[PDB]
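Just the one chain here, laid out as structure tokens, in the form deposited in one PDB entry.
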């Protein structure tokens, strides 16, 4: 069959050999009337491989057709700017904007069939589902396809109603929590082949009796390439855990929360995490009014206190920092801190508008890049984007899901980094943060020590 020996002719630029192998894998998958999970590690050109496969489908099999690309809201522009760069002949648009502009775009292009690729987000797929369901899609592509790890989610249910000739799933972290998530992803690709929750669960039941069976079962439907056996030029990450104490204010507030000391405290863990991040996240802690930002912020929070010294030292060495957080208000506190320290931040969060996200990414990635730090939230700004300019990643607080942090760190450890990437996870001593770190470590081991290791 077509083994595509060399770099695609129609594709501008030259792609590395493993990308050609991945494209060949996709072609073979297509011919054998099956669908797979392109699951290379975070940083390798999965998007380029998908675009090259689409270029093959349009130029060698002569099927321009309708193509659907579902991606997180922060990566729509990246998809557009790469389709227009590698195969600058495909008609592709983003179905985003107000419901008036969305209606205009639908009536003009979608219902006029004046398009080749429709890029959309997970929210616009559930919302503009009636016009989109009226198309016989040839390929339905889902970037960061671990969002459908739950089969009862409305996105999954809506997606199981479209008509599609074939499907493709892209994600760098296929296994999230347990094995049922993998079944939820596979039931979308091959609903007829698997179709079975209990059979899948009990054929496997979480030596060699099952793990090798895992490798044989997913062998035809999943392809993984690790960044160490493939790139061998990107330097590996040097991650460090900065254990910190607590401030007297933090000690007092932690004691008050644990000793049940009119405000409603129904989720103890979340309040303890808020205390460990910054005491000012609690209403009334900050001295005032009048409220001033002068210096009190930095010393009554141990994490911010360590961060100040590390950030100063890095600025002297001349590095640029990425700072991720689980909370958006803590990101406001960090905004105010960089205001007083006279830094140049480039915040993006879940409430940031589309064009604002585009502008922030380009400003931080622009040549000479006068911005110093990037403020992101691990959920909104922790997927797909390409902040390879920076070299230091600071994880201000850990997540219950270790993969949500792996994604965040790999926003700088990708193709075209040519630097040393240093990760500083900030952990608070003798708190709940150690508990979440332990649980995340166990969940990480569950999959990494077992299934994806041989890949």
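Positions refer to the first chain, counted from 1.
> Can you check if residue 256 is missing its coordinates in at least one third of the other PDB entries compared, counting only those that model the residues either side of it?
no, residue 256 modelled in all other entries.
> Do any residues of the deposited sequence lie unmodelled between residue 261 and residue 262, and which range holds their number: none, 1 to 3, 4 to 9, or 10 or more?
Gap size class: 10 or more residues without coordinates, per the record.
> Select one of none, 1 to 3, 4 to 9, or 10 or more to describe the deposited residues without coordinates separating residue 206 and residue 207.
4 to 9 residues lack coordinates between residue 206 and residue 207.
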